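*Asks:* build me a model:
(2 chains)
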Amino acid sequence: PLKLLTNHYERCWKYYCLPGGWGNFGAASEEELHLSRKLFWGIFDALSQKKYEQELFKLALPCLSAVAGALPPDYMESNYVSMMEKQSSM
Amino acid sequence: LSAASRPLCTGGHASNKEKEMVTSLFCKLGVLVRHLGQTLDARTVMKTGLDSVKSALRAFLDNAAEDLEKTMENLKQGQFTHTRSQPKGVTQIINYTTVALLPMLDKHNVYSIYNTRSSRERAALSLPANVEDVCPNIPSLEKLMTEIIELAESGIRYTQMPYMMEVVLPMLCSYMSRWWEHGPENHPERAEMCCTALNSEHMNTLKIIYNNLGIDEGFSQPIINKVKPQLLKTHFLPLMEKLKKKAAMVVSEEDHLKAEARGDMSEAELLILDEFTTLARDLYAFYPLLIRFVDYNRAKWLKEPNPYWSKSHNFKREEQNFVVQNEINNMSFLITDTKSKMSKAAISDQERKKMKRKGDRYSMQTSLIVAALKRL
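*Replies:* Residues are numbered from 1 along each chain as shown, chains lettered A, B, ... in the order given. Next comes the structure:
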């Protein structure tokens, strides 16, 4: 909760210094225990894009890491939804 | 540097890499379907491709000139490949977004994949004439099912503009156009939940002069000479106008099949021939007045017919009598209300549904006309 809610409280543009580590960890692995790491992107898919129709370039590389990591993860049958709709509304 | 799709353009990357990977992966694995992560990635890329961008028209709208054509062609080809199988992954509704991506028709000269899908659909194109165990896909349970009706209805729907080839209008399209028109009876087979689910698709060229010039055409298309379709497409209008009855519940599909080709939905020569917009539309508007107002015909048979100064007063007076019957019914229900579960609640539901559908058909264009006439 304190990672979920402190972001979506006040500010619009603060998510540039943080998610370099999230991209590094999306390159690292896709652990089903660490599904919250996917859920922050899963809520940022709608709530991060506040108003103003901004870039797609940085967020491609997490999607390509998920494409490369489509083969390993199995046993996380419920968690597949989070990696899907990031590029739809962006 | 030329900012191509795969080279530079990130807007083209999500389409290019996804469609190329799909056409490489499942086009190869389709032989593996018919008898660790192949199934998981298959069900992943299924809905990642069907809903890569929910705004399918917004994706390929103005993102790139030629990439939309190549990618819509590859997507519809991949849809035509695995259309025959009966797997668990449902995409009959998801095909509607891909179909809507087309009119919101490009240059199909680069490849004839649309012709491939059309020829596969030509296996059982004429639905009621060819309905048998040799039906589409030759299936008993494989592809012969309920989803194909909605697929033909919504997925085959190009309302923007017919800039396609349309070269087989005398042989391929005319086959399902004419075998349907072989008789007045639609003649659907068992499990006929709705025989009008083919489409509201038919128009004037979109026995006949073009097919009469089979060697000559097979480039004098039938759409060029509008008189030959205009003869025998409009000749059947008087046949349906003559066929009627006093009892309403007998003829259920009488209004539906005529209302599509009769009125102003036929854009081909609607402004050229005034009869298609004026007289056939007047007949197709007057026929429901005698058809639906009888209480014998139920709403479930003619529930959703989504599609004039003369018939306006007739509808108003007959609906005044119908609402007076509803009010007498309400006065009856107030005095010693019996068990509403048996026939009264369903009667009120049927009356409300009929009145709401009539009011909605008035609110399409006739409500503003009624306001203007009342002011006049």
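
*Asks:* summarise which helices and strands the lengthiest helix in chain A is packed against.
*Replies:* The longest helix of chain A (DSSP state H) is helix A:36-47. Helices and strands touching helix A:36-47, as assessed by 3 or more Cβ pairs under 8 Å, 6 or more residues apart in numbering or on different chains; DSSP states H and E, comprise helix A:20-28. In this view, the C-beta of every residue, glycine as well, is placed from N, C-alpha and C.

*Asks:* okay, stretch B:50-69 in CSV with CA atoms only?
*Replies:* Extracted C-alpha coordinates of stretch B:50-69, given in CSV (Å, rounded to 0.1, in the frame of the first residue of the first chain):
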residue,chain,number,x,y,z
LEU,B,50,-6.4,-9.1,-30.9
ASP,B,51,-6.2,-6.2,-28.4
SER,B,52,-2.7,-4.7,-28.9
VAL,B,53,-4.5,-1.4,-29.3
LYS,B,54,-8.2,-1.3,-28.4
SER,B,55,-8.6,1.7,-30.7
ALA,B,56,-7.9,-0.4,-33.8
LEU,B,57,-8.9,2.4,-36.1
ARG,B,58,-6.8,4.9,-34.1
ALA,B,59,-3.7,2.7,-34.3
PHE,B,60,-3.6,2.4,-38.1
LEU,B,61,-5.3,5.7,-38.8
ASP,B,62,-2.3,8.0,-39.7
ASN,B,63,0.6,6.2,-38.0
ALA,B,64,2.2,5.1,-41.3
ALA,B,65,1.0,4.9,-44.9
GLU,B,66,1.9,1.4,-46.1
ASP,B,67,2.3,-0.3,-42.7
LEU,B,68,-1.5,-0.3,-42.1
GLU,B,69,-2.1,-2.2,-45.3
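
*Asks:* what residues does that stretch touch?
*Replies:* With contact meaning Cβ atoms under 8 Å, 6 or more residues apart in numbering or on different chains, stretch B:50-69 is reached by A:84-85, A:87-89, B:5, B:9, B:11-12, B:14-16, B:18, B:71-72, B:91, B:94-95, B:97-98, B:100-101, B:104, B:106-108, B:110.

*Asks:* which of those fall within helices?
*Replies:* Counting by DSSP H, the contacts of stretch B:50-69 contribute B:11-12, B:14-16, B:18, B:71-72, B:94-95, B:97-98, B:100-101 to helices.

*Asks:* mind checking which of those are buried?
*Replies:* B:11-12, B:14-16, B:18, B:71-72, B:95, B:97-98, B:100-101 (16 or more other Cβ atoms under 10 Å in any protein chain shown).

*Asks:* residue B:178: what's it in contact with?
*Replies:* Contacts were defined as Cβ under 8 Å, 6+ apart; by that measure residue B:178 touches residue B:207.

*Asks:* roughly how far apart are it and residue B:126?
*Replies:* 8 Å (Cβ to Cβ, to the nearest Å).

*Asks:* list residues touching both of these two?
*Replies:* Here residue B:178 and residue B:126 share no contacting residue, scored by Cβ under 8 Å, 6+ apart.

*Asks:* now stretch A:55-66 - C-alpha only, PDB.
*Replies:* In PDB, the C-alpha atoms belonging to stretch A:55-66 read as follows (Å, rounded to 0.1, in the frame of the first residue of the first chain):
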ATOM      1  CA  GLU A  55       6.300   9.500 -24.900                       C
ATOM      2  CA  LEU A  56       6.400   5.700 -25.400                       C
ATOM      3  CA  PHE A  57      10.100   5.300 -26.000                       C
ATOM      4  CA  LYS A  58      11.300   4.500 -22.400                       C
ATOM      5  CA  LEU A  59       8.500   2.000 -21.700                       C
ATOM      6  CA  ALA A  60       9.300  -0.100 -24.800                       C
ATOM      7  CA  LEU A  61      12.300  -1.800 -23.200                       C
ATOM      8  CA  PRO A  62      10.300  -3.300 -20.200                       C
ATOM      9  CA  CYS A  63       7.800  -4.600 -22.800                       C
ATOM     10  CA  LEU A  64      10.700  -6.100 -24.800                       C
ATOM     11  CA  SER A  65      12.100  -7.700 -21.600                       C
ATOM     12  CA  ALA A  66       8.700  -9.200 -21.000                       C
END
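
*Asks:* chain neighbours aside, what residue packs nearest to the residue nearest to the spatial centre of chain A?
*Replies:* Chain A has residue A:41 as the residue nearest its centroid, 2.4 Å off, counting by Cα atoms, centre = their mean. Using Cβ to Cβ, 6 or more residues apart in numbering or on different chains and skipping the chain neighbours, the partner closest in space to residue A:41 is residue A:86 (6.0 Å).

*Asks:* the one you found reaches residue A:43, doesn't it?
*Replies:* No. Using Cβ atoms under 8 Å as the test, residue A:86 is too far from residue A:43 to be in contact (10.8 Å).

*Asks:* no more questions from me, cheers.
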